[PDB]
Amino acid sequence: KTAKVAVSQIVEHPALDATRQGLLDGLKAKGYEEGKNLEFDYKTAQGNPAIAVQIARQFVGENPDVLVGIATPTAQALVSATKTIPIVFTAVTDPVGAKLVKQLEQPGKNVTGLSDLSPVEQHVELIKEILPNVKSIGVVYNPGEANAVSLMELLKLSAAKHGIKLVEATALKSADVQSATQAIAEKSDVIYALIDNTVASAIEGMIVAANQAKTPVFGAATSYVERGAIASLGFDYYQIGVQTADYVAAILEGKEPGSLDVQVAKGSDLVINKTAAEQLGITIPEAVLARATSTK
């Protein structure tokens, strides 16, 4: 009679924390309240792929009604640890590429949820609009994250389509992100800070290195503009969490997760960091400043 929802999250960074808060508030609006009829357990893997596996195993052994995997690596560990307990993943960039589901329509097993697939093409076109003389896009990513790998395939096709050279470096853990940024910032006209958990957890260090090379950072997430990216075009992760509660409630009420289609997030907010831009000697064009849903 108490619903038991167990939430595993690869690391605490603001986007994933907003997703988790959104889930909690959305469950409340559906009549599931902590303290009354909802036990909401939560573990962070602290960026460790190993802890992600241990969390999945511990949670599976406590027989929750629904498992929630926030971000790709923790979702992946859940899919490995159970084939029968419903899994709702959330804020996962490319669930097919991550092997969480065979396809988005009618996934058909114990797994379903929500994708935050970035519109990479739109981000490149936006970088070109803000910075019309871009020849070069720098990017740091973690090849251990299937989300980053899927995004790099989209970025490589879109860079080539627009005649833009990609300058790449990998970072295997968040403490290498600043060095990786430093290695590439002077060969790049702009750094694309993508939807990668390792980047997200070290975004301050990325920005310190970029600022030192006087290279702007364009963010795929709003949390990045908050820390000094000049602009971003990201989703609202709190609302994605709120929509995640729809899946969890439907499952708790007896729906099979495999019968629920995977939803892809839509509508990103254009945000501009005027201060950061001016410190870099950058003038954000008028047509862009006019569309800015927000403007710090």
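From 1 onward, residues are counted along the sequence shown.
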| property | result |
| --- | --- |
| Higher-B stretch (mean Cα B-factor, as the entry records it), 264 to 272 or 31 to 39 | 264 to 272 |
| Mean C-alpha temperature factor, higher of 47 to 55 and 227 to 235 | 227 to 235 |
| Member of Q182, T90, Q106, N110 with the greatest C-alpha B factor (per the PDB record) | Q182 |
| Record-listed C-alpha B factor of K99: chain third | middle |
| B-factor third for the C-alpha atom of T198 within its chain | middle |
| Cα B factor band for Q279 (lowest, middle or highest third within the chain) | highest |
| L131 - Cα temperature factor, lowest/middle/highest third of chain | highest |
| Third assignment of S158 from its chain's C-alpha B-factors | highest |
